[PDB]
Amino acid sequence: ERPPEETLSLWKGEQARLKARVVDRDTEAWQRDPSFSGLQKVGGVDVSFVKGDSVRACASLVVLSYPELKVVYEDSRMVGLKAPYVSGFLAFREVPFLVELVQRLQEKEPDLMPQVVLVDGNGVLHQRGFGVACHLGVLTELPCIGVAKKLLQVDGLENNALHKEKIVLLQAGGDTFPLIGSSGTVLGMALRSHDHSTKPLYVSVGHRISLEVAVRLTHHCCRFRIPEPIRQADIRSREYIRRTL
């Protein structure tokens, strides 16, 4: 079910301590290049589940070439998922297994280590400004982008009529609008990822990248609505579950 409040408080404390290590600017040379020259390997991570289970999950790490977006590395494996899902605490469920996959990549094919990881879930667009993409980035020290498929309603952000009016105004792939918190902060961007998709992605900084670069790279990874590194990790982990079950 739901962890007790004292557990959630401990987790909140750890998130606030680790947030001090988030770097929300560009630290990689390819990031400031108008065409991302020098970017060669983009990672994606996801965890799929089997219905009725809650103990078993499949965690996948893929690495794709850039800009061709072909899969050059895949590790999909079964894991014994502990913690339940609680909004705002996604990392405490998934991130320790994702870190293990990165370490296995380091040990098995270190030349294919990704230069940036696209994470299925938010970064600083988060209840305490420290989502799963930040958490992964800080623990692995890799640049990370948070990509969410629906709006986390925090800091006054709401999926109301005005928000949906703004989504209608997004007309083609690459079009965006900023997610401005009540605090005066830009927490992320709504991105229309494709010409033939109207439901936006919600993109935010995970670690070691600026928001404007994160959005533009995310856009360049979209053959479909979901950025191809996450899409392949999503597709491959679900297939793995089905193949062994």
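Each residue number is its position in the shown sequence, starting from 1. Whichever C-alpha set is largest while still superposing within 1.5 Å between the two forms counts as the rigid core.
Q: Using the rigid core for superposition, please say which stretch has the greater CA deviation in 7 other deposited structures of this protein, 229-237 or 6-14.
A: Comparing 6-14 with 229-237, the one that moves more in 7 other deposited structures of this protein is 6-14.
Q: Going by the mean C-alpha B-factor recorded in the entry, which is higher: 18-26 or 233-241?
A: It is 233-241.
Q: Can you let me know which of the two, 53-61 or 32-40, has the higher average C-alpha B-factor in the entry?
A: Averaged over C-alpha atoms, the B-factors run higher in 53-61.
Q: Looking at the C-alpha B-factor values in the deposited entry, which of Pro96, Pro84, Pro143, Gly131 comes out highest?
A: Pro84 has the highest C-alpha B-factor of those listed.
Q: From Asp75, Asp120, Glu158, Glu100, pick the one with the largest CA B-factor in the entry?
A: The record points to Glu158.
Q: When the modelled residues of the chain are sorted by Cα temperature factor, does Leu139 land in the lowest, middle or highest third?
A: According to the entry, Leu139 has a C-alpha B-factor in the chain's middle third.
Q: Based on the deposited C-alpha B factors for this chain, I'd like to know if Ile180 is in the lowest, middle or highest third.
A: Highest third, going by the recorded CA B-factors of the chain.
Q: What third of its chain's C-alpha B-factors does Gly174 belong to: lowest, middle or highest?
A: Tercile = middle for this residue's CA B-factor.
Q: Where does the C-alpha B-factor of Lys199 rank in its chain, lowest, middle or highest third?
A: Its C-alpha B-factor, which the entry lists for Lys199, ranks in the middle third among residues of this chain.
Q: Determine, from the deposited record, the chain-internal third of the Cα B-factor for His126: lowest, middle or highest.
A: Its C-alpha B-factor, which the entry lists for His126, ranks in the lowest third among residues of this chain.
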